[PDB]
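Below: the structure, in structure tokens.
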Number of protein chains: 4
Amino acid sequence: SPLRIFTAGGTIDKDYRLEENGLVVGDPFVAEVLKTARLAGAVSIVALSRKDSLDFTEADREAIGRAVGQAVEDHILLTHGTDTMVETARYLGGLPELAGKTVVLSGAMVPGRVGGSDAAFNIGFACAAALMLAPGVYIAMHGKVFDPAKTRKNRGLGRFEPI
Amino acid sequence: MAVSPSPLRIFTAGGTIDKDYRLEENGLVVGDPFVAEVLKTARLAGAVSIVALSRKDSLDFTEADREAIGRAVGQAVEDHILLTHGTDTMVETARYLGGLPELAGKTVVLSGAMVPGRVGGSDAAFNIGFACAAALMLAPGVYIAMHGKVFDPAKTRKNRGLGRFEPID
Amino acid sequence: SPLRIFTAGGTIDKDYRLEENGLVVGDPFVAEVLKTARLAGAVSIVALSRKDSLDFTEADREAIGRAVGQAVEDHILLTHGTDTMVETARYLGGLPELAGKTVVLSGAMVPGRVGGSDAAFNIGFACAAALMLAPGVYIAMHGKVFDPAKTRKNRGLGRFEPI
Amino acid sequence: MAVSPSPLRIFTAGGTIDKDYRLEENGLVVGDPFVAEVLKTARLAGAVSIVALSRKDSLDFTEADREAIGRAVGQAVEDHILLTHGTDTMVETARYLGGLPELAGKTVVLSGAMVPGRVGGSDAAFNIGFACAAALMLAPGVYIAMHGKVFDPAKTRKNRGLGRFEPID
Ligand SMILES: N[C@@H](CC(=O)O)C(=O)O
Ligand SMILES: N[C@@H](CC(=O)O)C(=O)O
Ligand SMILES: N[C@@H](CC(=O)O)C(=O)O
Ligand SMILES: N[C@@H](CC(=O)O)C(=O)O
Ligand SMILES: [Cl-]
Ligand SMILES: [Cl-]
Ligand SMILES: [Cl-]
Ligand SMILES: [Cl-]
Ligand SMILES: [Cl-]
Ligand SMILES: [Cl-]
């Protein structure tokens, strides 16, 4: 089935800028991974935001919900920061307009542009999850699927975990 | 305290995915399993046992090699299996495994890479992530996971000139 | 001739840490480059500091000067941040105890662990400079050799330039 | 306003440094010059003109190939030259160039890589930086810059089994 990928920012997309003396959320790394993936099927990417997910407001989550509803596609990947991925995912789970879609959130604990990143694995795993899971909203990280309503980010473990 | 389960086992048979440069050869050999390098930085919740079966270019596989892969997969207790392999005779191995009654309750996915993981611009890491998800989520059967898609081995062939798996119409 | 490499930190050595939500100055990247360089000769690496060079004090520059004087070797590479590389280099140029040494400072505008970094090139170029230049103190960046006394960092160009 | 000079010219002749995977070949070919990829992110003050002479494994070089490299280097106006090349017959090309009176005023450095730049764990970027410095800083003559050292071609041989240039005692 056609997959629509929305990019909202996060650590996955961070890149170094000399002006900042550090990282900024940069161009979406999922486009760099899919460029070499030799894809057979119909996939397209849309930018929604370039924010660290710590910076997301309730107005941002509402805007993300409406944007995902602008896609006719029933299989959606949203790349996002991990720090408020649960808050977005739980918000999207409450939108009756998205009930027929499979919506998977993912991202990376280490930027794709930094050595030793989880990003490319996570993108492959999450694209499969978006194609194969039944309608609902899910987090695909750490090589497994999480139910947002029963998940939290454990900042001491650096992992999502059950509540 | 919650214990993270480990329901996937991976077997490695070689292929372009695992190729690495050797100075003594003036070229590539089939080297150490690249899937182990991808999983090292995947930040997995579980742990994945990785078992080496062979280190061959799949052009070099014989019927006896295919039979030996089938015996190893049938011995596994896990019902979710990823086999990394060369793409050139991946369909032959997948169709062979499909005919084995000892695999009937297992989800067995074959994958690899058209470009070595250790070469720049490789599909390998994406393919591993996709294929791990497919091994978890697909019903029992035998599948090829490549190009961000699932292929039925009976209805698929390798197009070597264009470096892709394609349907038989 | 034997080369002694001192690592003082800088952007070259930055690496991502989940706890920080960003980069820290991490393990010296020159050790990662030399591990695959297939070296023939005698080279050794010593850690001096893990600081962003913005954070260096006059006490730090004095301590760097004494540390370089602890090396018997007459060919020295000091990896360092670019923001106060001129201040360190000018300070070391004034130390009569270092007059017989060839001391080359280098680093990278982009961290070695980030994609698209100048670091490995810069390390190769700077190791040659440390071996081949006459006694003195030099900055080796941008594929050329700078005299510290006649150089400044241009933060608008992202380059060292003559004064 | 100050103008950054460009005193180095680079010539590319191929070698392991430039190898890249090709699916059609099921293996490596000598591809696009890797030195161009290193210089793209080097943040150079100048600009370096890069000129392709050949795309060969140096095992394949003939006397006529060596003569054609000499003519191209002698034509250059620059007196600082880096030639990227295969390591297997780098000494033969370097000793040949050494005997050419048209190069007597030039600093000519040959370099390459034991591992392709496009393979993980390559010496190539380091070697390019080192060799660019050597081409700038060394007196007129012909040199091999490898292993973080400068070699005199008349006193050097390639040890293929151990993947290194070494002195003749
Ligand atoms: N602070 C980042 C962390 C991450 O993405 O891992 C974010 O949530 O955007
Ligand atoms: N000849 C290789 C091709 C590949 O894996 O893409 C193999 O089948 O092992
Ligand atoms: N702020 C960094 C900048 C750099 O190294 O390029 C430092 O001077 O440590
Ligand atoms: N056979 C290769 C070896 C190398 O470059 O290291 C060549 O000489 O082109
Ligand atoms: Cl080897
Ligand atoms: Cl090969
Ligand atoms: Cl795939
Ligand atoms: Cl940062
Ligand atoms: Cl190709
Ligand atoms: Cl070298």
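Residues are named by chain letter and number: chains run A, B, ... in the order of the structure tokens, numbers start at 1 in each chain, and ligands are numbered from 1 in the order shown.
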Give me the chain D side of the contact with ligand 5, cut-off 9 Å, one line per residue showing its nearest atom pair and distance in Å at one decimal, counting only C-alpha atoms and all ligand atoms, sorted by chain and residue number, as a tab-separated table.
residue	atom	partner	partner_atom_place_in_ligand_line	distance
D:114	CA	ligand 5	1 (Cl)	8.8
D:115	CA	ligand 5	1 (Cl)	8.2
D:162	CA	ligand 5	1 (Cl)	8.9
D:163	CA	ligand 5	1 (Cl)	8.1
* Can I get the residues close to ligand 4 as an NGL selection string, where close means within 9 Å and we count only C-alpha atoms and all ligand atoms? -> (:B and (23 or 26-27)) or (:D and (13-19 or 30 or 56-61 or 85-90 or 112-116 or 160 or 163))
For the residues selected in the previous step, produce a file with C-alpha atoms as a JSON list (two decimals), in the first residue's frame.
[["chain", "number", "residue", "atom", "x", "y", "z"],
["B", 23, "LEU", "CA", 44.14, -6.70, 0.71],
["B", 26, "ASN", "CA", 42.83, -7.44, -4.04],
["B", 27, "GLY", "CA", 39.03, -7.43, -3.73],
["D", 13, "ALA", "CA", 45.11, 7.25, -12.24],
["D", 14, "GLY", "CA", 42.87, 4.85, -10.29],
["D", 15, "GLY", "CA", 43.80, 2.19, -7.72],
["D", 16, "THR", "CA", 42.14, 0.59, -4.71],
["D", 17, "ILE", "CA", 41.51, 4.12, -3.31],
["D", 18, "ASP", "CA", 38.85, 4.69, -6.04],
["D", 19, "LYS", "CA", 37.19, 1.21, -6.06],
["D", 30, "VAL", "CA", 37.78, 1.35, -10.21],
["D", 56, "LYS", "CA", 42.87, 1.34, -13.73],
["D", 57, "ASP", "CA", 44.05, -1.13, -11.09],
["D", 58, "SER", "CA", 47.79, -0.37, -11.13],
["D", 59, "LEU", "CA", 48.45, -4.13, -11.81],
["D", 60, "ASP", "CA", 47.08, -3.30, -15.32],
["D", 61, "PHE", "CA", 49.53, -0.41, -15.99],
["D", 85, "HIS", "CA", 47.29, 5.69, -7.97],
["D", 86, "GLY", "CA", 47.19, 2.00, -7.16],
["D", 87, "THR", "CA", 49.80, 0.86, -4.59],
["D", 88, "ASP", "CA", 50.84, -2.38, -6.41],
["D", 89, "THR", "CA", 52.88, -0.61, -9.12],
["D", 90, "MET", "CA", 53.16, 2.80, -7.56],
["D", 112, "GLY", "CA", 46.53, 6.06, -2.66],
["D", 113, "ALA", "CA", 44.93, 3.69, -0.15],
["D", 114, "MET", "CA", 45.22, 0.06, 0.80],
["D", 115, "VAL", "CA", 41.42, -0.01, 1.48],
["D", 116, "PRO", "CA", 38.94, 1.69, -0.90],
["D", 160, "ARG", "CA", 51.90, -7.15, -1.00],
["D", 163, "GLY", "CA", 49.99, -4.48, 2.64]]
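The coordinates place atom CA of residue D:78 at 21.0 Å from atom CA of residue D:127.
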* Can you list, as number ranges by chain, every protein, DNA or RNA residue that comes within 9 Å of stretch 83-91 of chain A when you count only C-alpha atoms, leaving out same-chain residues fewer than 2 positions away? -> A: 10, 52-56, 58, 61-62, 64-65, 80-81, 93-95, 103-107, 137-139, 147-149, 151-153, 155
* Please, what distance in Å, to one decimal, runs between atom CA of residue A:123 and atom CA of residue B:109? -> 18.1 Å
* Enumerate as a ChimeraX atom specification the residues within 7 Å of ligand 9, counting only C-alpha atoms and all ligand atoms. => /D:21-24
Given the selection you just returned, output its residues as a file containing N, CA and C atoms, formatted as a PDB file, in the first residue's frame.
ATOM      1  N   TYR D  21      31.585  -0.460  -5.535  1.00  0.00           N
ATOM      2  CA  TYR D  21      30.790  -1.630  -5.909  1.00  0.00           C
ATOM      3  C   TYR D  21      29.899  -1.346  -7.102  1.00  0.00           C
ATOM      4  N   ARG D  22      29.843  -2.333  -8.024  1.00  0.00           N
ATOM      5  CA  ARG D  22      28.907  -2.297  -9.144  1.00  0.00           C
ATOM      6  C   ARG D  22      28.107  -3.592  -9.151  1.00  0.00           C
ATOM      7  N   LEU D  23      26.798  -3.485  -9.088  1.00  0.00           N
ATOM      8  CA  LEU D  23      25.921  -4.676  -9.068  1.00  0.00           C
ATOM      9  C   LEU D  23      26.111  -5.497 -10.353  1.00  0.00           C
ATOM     10  N   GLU D  24      26.239  -4.821 -11.492  1.00  0.00           N
ATOM     11  CA  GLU D  24      26.342  -5.505 -12.807  1.00  0.00           C
ATOM     12  C   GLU D  24      27.593  -6.389 -12.771  1.00  0.00           C
TER      13      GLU D  24
END
* **Check: which chain B residues lie within 7 Å of chain A using only C-alpha atoms, as a PyMOL selection string** => chain B and resi 41-45+121-123+125-130+132-134+137+147-149
* To do: Just give me the gap between atom CA of residue A:49 and atom CA of residue A:72 in Å, one decimal is fine.
  => 19.9 Å
* So which residues are near ligand 8, meaning at most 9 Å away with only C-alpha atoms and all ligand atoms counted, given back as number ranges by chain? -> A: 14-16, 20-24; C: 14-16, 20-24
* To do: Check the DSSP output for the backbone and give back, as a list in words, the residues of stretch 61-98 of chain C in strand (DSSP E or B).
  =>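 So the strand (DSSP E or B) residues in stretch 61-98 of chain C would be residues 75, 76, 77, 78 and 79 of chain C.
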Convert the current residue selection to file output with N, CA and C atoms, as a PDB file, in the first residue's frame.
ATOM      1  N   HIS C  75      58.546  16.977  17.406  1.00  0.00           N
ATOM      2  CA  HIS C  75      57.441  17.103  16.434  1.00  0.00           C
ATOM      3  C   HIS C  75      56.148  16.818  17.159  1.00  0.00           C
ATOM      4  N   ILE C  76      55.317  17.867  17.249  1.00  0.00           N
ATOM      5  CA  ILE C  76      54.111  17.843  18.103  1.00  0.00           C
ATOM      6  C   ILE C  76      52.890  18.255  17.290  1.00  0.00           C
ATOM      7  N   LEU C  77      51.822  17.483  17.456  1.00  0.00           N
ATOM      8  CA  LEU C  77      50.494  17.868  16.944  1.00  0.00           C
ATOM      9  C   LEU C  77      49.612  18.090  18.175  1.00  0.00           C
ATOM     10  N   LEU C  78      48.914  19.216  18.234  1.00  0.00           N
ATOM     11  CA  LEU C  78      47.928  19.499  19.292  1.00  0.00           C
ATOM     12  C   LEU C  78      46.564  19.673  18.624  1.00  0.00           C
ATOM     13  N   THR C  79      45.668  18.727  18.890  1.00  0.00           N
ATOM     14  CA  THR C  79      44.301  18.872  18.386  1.00  0.00           C
ATOM     15  C   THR C  79      43.538  19.725  19.425  1.00  0.00           C
TER      16      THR C  79
END
* Asked: Skipping near chain neighbours, those fewer than 5 positions away, what residues fall within 8 Å of residue B:165 using only C-alpha atoms, listed as number ranges by chain?
  -> B: 146-147, 156-159
* Dump as a PyMOL selection string the residues of chain D that approach chain B to within 6 Å, counting only C-alpha atoms. => chain D and resi 118-120
Write out the residues from the selection above, keeping N, CA and C atoms, as a JSON list (two decimals), in the first residue's frame.
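Result went into out-v6.json, see below:
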[["chain", "number", "residue", "atom", "x", "y", "z"],
["D", 118, "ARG", "N", 35.60, 4.17, -0.29],
["D", 118, "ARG", "CA", 34.17, 3.86, -0.15],
["D", 118, "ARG", "C", 33.90, 2.61, 0.67],
["D", 119, "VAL", "N", 34.92, 1.98, 1.25],
["D", 119, "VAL", "CA", 34.77, 0.85, 2.16],
["D", 119, "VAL", "C", 35.05, 1.40, 3.56],
["D", 120, "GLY", "N", 34.36, 0.81, 4.51],
["D", 120, "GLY", "CA", 34.62, 1.21, 5.89],
["D", 120, "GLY", "C", 36.02, 0.92, 6.37]]
* To do: Check the smallest atom-to-atom distance from each of C:101, C:4, C:66, C:113 to chain A using only C-alpha atoms, then report the winner.
  => C:113
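With distances taken over only C-alpha atoms and all ligand atoms, B:92 is the one residue among B:169, B:37, B:79, B:92 lying closest to ligand 2.
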* To do: Would you list the contacts of residue B:152 as a VMD selection string, taking every protein, DNA or RNA residue within 8 Å and counting only C-alpha atoms, but skipping same-chain residues closer than 3 positions in sequence?
  => chain B and resid 142 to 144 155 to 156
* **Counting only C-alpha atoms, the residue of A:47, A:112, A:57, A:74 that sits nearest chain C** =>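 Going through A:47, A:112, A:57, A:74 one by one, the smallest distance to chain C is for A:112.
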* To do: Write out as a list in words all residues of stretch 1-42 of chain A that DSSP puts in helix (DSSP H, G or I) for this structure's backbone.
  =>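 Helix (DSSP H, G or I) assignments inside stretch 1-42 of chain A correspond to residues 11, 12, 13, 29, 30, 31, 32, 33, 34 and 35 of chain A.
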